[PDB]
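First up is the structure itself, then whatever we jot down about it.
Chain identifiers are assigned alphabetically (A, B, ...) following the order of the sequence lines, protein sequences preceding nucleic acid strands; residue numbering begins at 1 within each chain.
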Amino acid sequence: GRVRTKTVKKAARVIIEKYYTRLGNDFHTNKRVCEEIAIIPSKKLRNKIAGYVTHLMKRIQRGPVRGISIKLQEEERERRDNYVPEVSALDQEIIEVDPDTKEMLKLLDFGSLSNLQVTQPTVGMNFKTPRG
Amino acid sequence: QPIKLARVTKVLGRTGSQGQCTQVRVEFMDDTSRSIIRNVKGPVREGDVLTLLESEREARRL
Amino acid sequence: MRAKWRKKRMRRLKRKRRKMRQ
Amino acid sequence: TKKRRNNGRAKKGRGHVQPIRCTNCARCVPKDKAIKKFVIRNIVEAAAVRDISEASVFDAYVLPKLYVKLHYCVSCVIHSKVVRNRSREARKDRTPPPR
Amino acid sequence: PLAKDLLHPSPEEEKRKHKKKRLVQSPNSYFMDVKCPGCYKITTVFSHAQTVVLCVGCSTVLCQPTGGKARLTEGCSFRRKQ
Amino acid sequence: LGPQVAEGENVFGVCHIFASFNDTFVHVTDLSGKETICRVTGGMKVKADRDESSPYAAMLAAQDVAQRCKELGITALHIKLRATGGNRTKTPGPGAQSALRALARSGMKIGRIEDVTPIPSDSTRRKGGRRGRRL
Amino acid sequence: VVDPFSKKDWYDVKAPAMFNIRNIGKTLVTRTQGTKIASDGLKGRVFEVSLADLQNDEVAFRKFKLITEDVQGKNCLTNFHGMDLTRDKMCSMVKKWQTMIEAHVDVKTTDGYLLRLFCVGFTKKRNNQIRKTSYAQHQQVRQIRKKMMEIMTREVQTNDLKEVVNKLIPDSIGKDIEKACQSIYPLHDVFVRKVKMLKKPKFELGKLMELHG
RNA sequence: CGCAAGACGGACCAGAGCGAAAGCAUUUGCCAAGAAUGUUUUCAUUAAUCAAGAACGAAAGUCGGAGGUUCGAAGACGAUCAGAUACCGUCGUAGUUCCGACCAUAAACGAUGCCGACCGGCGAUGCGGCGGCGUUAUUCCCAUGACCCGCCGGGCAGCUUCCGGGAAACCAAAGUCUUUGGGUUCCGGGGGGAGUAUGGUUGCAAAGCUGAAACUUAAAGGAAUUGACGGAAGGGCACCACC
């Protein structure tokens, strides 16, 4: 019987997502940031919010939490998004192409390309899961 | 009625309409061949080394 | 009453009628 | 109103189907309608495998199996919990349970 | 597909359709000329022959009747007319 | 006078397990089956007709039959178990597994296991009516 | 008071020579007294013994019914009275998306034994088949059954009991039936499911002892 | 371990096939049939539905004759119960089996007449035909079987879609309907009385077909919704519940 009520969860997530720089692994920091901006008027509530921010910090070192968004994690993810590989994946020297798509390319006036490699197709013609 | 230091690596939990019966899967320490599942009353925690007193007549059902 | 058993009662009644005017 | 499109039976494109007797109450139910279960079980229960095998003359006998096909009526299946009532949306699901 | 030129259909699609369902019905059957190694006169045979037609100069048959196309016999070369 | 069992060899018998739902028959015979050696049922132990099929009655019957067979020379047994069969239930009663395990635990050597349930090729009419047992 | 087993003797019944193992078990018979002789109540006994107990390495799901014919030197002599598969063996191959061909033949050996042979076969799903069912059409079933019947007739009517049982031990009849019916419809688990003795020639000790040759 | 009698064709057996429907499951042979497919055959409107009329028509029932295992209407007991005259158990007659003659009724149902046209998709499956890499047996190319990938035509169906319809449930027909007319048969007109009476007719009989009215009534009914209830199921909780 220790399920954190939505009051605690919302307050803790808002506090963490907003002023994570001031928030480490403690309680008085949370009570201070409360009494500064969004003051909470009780004591057991402040203890439970400190406990939930502690738990969320324990779960946030291993990875980004679903309900929170720091500038740090968003920054890391946008740097990963902006990643430009040195060599393109589509820049292959040789591309394997089946005879049917080869004929299709020939019909598109693209049969004179030299970067293709006609690959022998499947010997058999079975591709379905046995019914049952 | 074998006697050995049974290495328990499988304790699933309690079941029964009186709720004191835990199902312990007694496994032998260095056998890795046979195991017994028993309904026994009392706290038998995960990882403990049971005293082997009997290796048949498993937890009865129905 | 069940429709089948109602019909059975009507048929028994008809049998009695057949009997009385033999 | 029509509870089932197939009328609760597999009869389709024919007129009559031979009946079979329920294996629990001996009730005549059409073969396509009866709920069919197939039990391929070990002759000895999983508990008794060790004591039979340890007292078996042969080395690695490999124990036989009881194969029984049971035919139930609807009522006996509901009582035996072989199947149960389902929601109108989920009644149409012919997929066997994953088990 | 809400716009299909039924006047001029694809030849592949008309070859696909039933012999009657086509724009103008045409049979899937044809007539062949069969040549035997030892005979020098041509013999026209229906593709879907219903009878065991024999060659007058050879002891072998030209085709076996079947449920559909007749079963031509090896050793006779067929050439479809038209 | 008696059997000619060797020092290491074991003589065999055939055990018929009639596992009905009213009581369990534990029967032992020669390999042929023509000579009955000793047969103790589930109703020979308990006087509760509910208990005649229960696994404990099967345990008692199998242990009795094992003791009698051992005192009569037989050491190993072949297993040929049956249900009621016929048009009635094709499944062993509650005492088949118990009787077999009690025979195994009594120091017996189990041989081959077979089912001898009478399985008709659609034989005569089942006992129940058209609507069956409505209770 | 007096248990009947104090008036009972033990005999060691034996199998014919075509089986690798000779001693197949013992048997209890009461001692001779009155008009009753210890042998007339012992001749009519049938032992349903697995093949693996009569061959050093063979199938355990094949059972042979051997019937005593006389008792020489406290040894009961048995001959082939039947052949079966175990109940679980038969039940383990009747699947629900294939057709089962059940042929049978009344045939006679060259020595006078009349045997009814039952052969069972099951159609085989191909290793690349997608279709769920592997049924055979009725004409195909008839062709397969006719091939089974003629194979059984040609494999029993040309032989006598000794060689018939000799070829029954590895069930070469089933292998021949499978290879013959492969051209019609591939079959999966083909065996001579049963062999029963309808009528047998007159009792003679000479052929009996010649079997144990 | 044998013998005999009668029954019934388990598993394979399927939302598979056939049949006008009722219905049809061991083999083999014979007899006559039949759909579909294939057809650059033949006739050439010979067609569709269908009063009168006719053939067939589960089970039970009737009569006559064989048979009679099992099951089992009635019935006799034994239990349960307040009482059961029932459900349950042990028996047990007619019947349940075959032949001949009746009967012509079923929730005889897809509760959905038949013929015809048109109007989406997809994956299967039974039959036939056609085409095509490849594997496999016939110890040989090609045939042909067994598979694999498609195409066509009928068939039993299935999923999906606001095609459209419908009171909706649902229906690819129960759509193409106030934008109402392709052809044709049967049939309903608020609920009861009542499928009753009576007449006719059929039948050995049971009964079948046709079939009212007086009188009585403001509703009866269909589909769906919410709640309540369930000696319905699945989860959860409570010493004002239990252990």
Side-chain angles (χ1 to χ4, degrees), chain A residues 128-132, chain B residues 62, chain C residues 1-8, chain D residues 1-41 65-99, chain F residues 21 83-92 117 119-135, chain G residues 91-92 94-100 122-123 125 130-138:
Chain A
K128 303 176 186 183
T129 298
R131 296 137 203 166
Chain B
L62 305 167
Chain C
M1 218 180 153
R2 200 181 153 175
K4 184 199 283 186
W5 304 140
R6 183 192 161 85
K7 170 140 87 166
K8 203 155 201 74
Chain D
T1 185
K2 228 179 136 183
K3 196 174 188 180
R4 285 166 256 274
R5 166 153 208 195
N6 65 354
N7 300 305
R9 54 193 299 167
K11 185 196 118 165
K12 211 166 262 303
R14 59 205 49 86
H16 183 251
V17 170
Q18 48 197 301
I20 63 199
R21 313 302 292 277
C22 185
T23 192
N24 164 209
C25 65
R27 164 131 160 87
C28 306
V29 152
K31 165 134 177 241
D32 46 289
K33 186 177 187 72
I35 298 99
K36 264 143 287 193
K37 219 179 49 180
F38 197 26
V39 201
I40 299 135
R41 72 157 100 223
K65 294 250 220 173
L66 200 277
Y67 308 81
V68 50
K69 197 182 174 197
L70 303 121
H71 314 274
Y72 289 115
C73 61
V74 177
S75 190
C76 279
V77 151
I78 311 267
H79 196 63
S80 328
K81 290 169 201 344
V82 176
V83 310
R84 40 191 278 220
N85 82 79
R86 304 201 280 165
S87 62
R88 168 175 267 184
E89 189 46 83
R91 271 201 276 265
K92 316 161 103 300
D93 191 37
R94 324 234 327 160
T95 305
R99 182 184 54 194
Chain F
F21 277 95
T84 323
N87 47 59
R88 327 234 299 290
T89 200
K90 277 78 144 176
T91 188
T117 317
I119 310 286
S121 155
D122 217 32
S123 77
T124 165
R125 185 117 195 214
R126 171 86 179 272
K127 154 67 158 137
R130 161 160 198 77
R131 301 144 69 198
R133 273 193 99 231
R134 297 171 307 276
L135 182 145
Chain G
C91 282
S92 84
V94 184
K95 319 306 191 63
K96 211 173 81 59
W97 306 114
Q98 65 204 24
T99 183
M100 149 174 91
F122 304 84
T123 33
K125 164 182 278 234
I130 301 314
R131 294 162 83 261
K132 183 205 218 138
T133 73
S134 287
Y135 302 132
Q137 310 200 313
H138 196 43

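- Contact between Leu66(D) and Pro92(F) at its shortest, heavy atoms only, is CG-CD, 4.5 Å.
- Contact record, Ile20(D) with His71(D): CD1-ND1, 3.4 Å, taken as the closest heavy-atom pair.
- The number of heavy atoms from other shown groups lying within 6.0 Å of NZ (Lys92(D)) does not exceed 12.
- In this structure, NZ on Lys12(D) lies 7.0 Å from CZ on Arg5(D), to the nearest 0.5 angstrom.
- With values rounded to the nearest 0.5 angstrom, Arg84(D) atom CZ is found 10.5 Å from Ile78(D) atom CD1.
- Taking NZ of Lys96(G) as the reference point, atom OG1 of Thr133(G) lies at 10.5 Å (rounded to 0.5 Å).
- The closest side-chain heavy-atom distance from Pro30(D) to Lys11(D) is not below 4.5 Å.
- A side-chain donor-acceptor contact under 3.5 Å links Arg134(F) to the backbone of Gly132(F).
- When each of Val77(D), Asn24(D), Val39(D) is paired with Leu70(D), the side chain to side chain contact (heavy atoms under 4.5 Å, CB included) condition holds for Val39(D) and for no other.
- Atom NZ of residue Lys125(G) and atom NZ of residue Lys132(G) lie 9.0 Å apart, to the nearest 0.5 angstrom.
- Distance alone, capped at 3.5 Å, is enough to place a donor-acceptor pair between the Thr123(G) side chain and the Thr99(G) backbone.
- With hydrogens and angles disregarded, no donor-acceptor distance shorter than 3.5 Å links the side chain of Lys90(F) to the backbone of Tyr67(D).
- Heavy atoms of other residues, nucleotides or ligands lying less than 6.0 angstrom from CZ of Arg88(F) number 12 at most.
- Contact detail for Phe38(D) and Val68(D): the closest heavy-atom pair is CD1-O, 3.4 Å.
- Counting only heavy atoms from C-beta outward, the side chains of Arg94(D) and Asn6(D) approach each other to under 4.5 Å.
- Without hydrogens or angle criteria, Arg21(D) side chain to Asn87(F) main chain gives no donor-acceptor distance under 3.5 Å.
- In this structure, NZ on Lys37(D) lies 4.5 Å from OH on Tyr72(D), to the nearest 0.5 angstrom.
- Scanning both residues, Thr117(F) and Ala83(F), for their nearest heavy atoms gives OG1-N, 3.4 Å.
- Side-chain contact between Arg27(D) and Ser75(D): absent, with no pair of heavy atoms (C-beta onward) separated by less than 4.5 Å.
- Looking at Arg41(D) and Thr91(F), their side chains come closer than 4.5 Å, going by heavy atoms from C-beta outward.
- Side chain of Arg91(D) to main chain of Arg86(D): a donor-acceptor pair is present (N/O by atom type, distance under 3.5 Å, no hydrogens or angles).
- Heavy atoms from other residues, nucleotides or ligands lying under 6.0 Å from CZ of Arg131(F) number 12 at most.
- Of the inter-residue distances, the one linking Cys28(D) atom SG with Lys33(D) atom NZ reads 14.0 Å to the nearest 0.5 angstrom.
- Side-chain atoms of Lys36(D) come within 3.5 Å of backbone atoms of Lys31(D) as a donor-acceptor pair (strictly under, hydrogens ignored).
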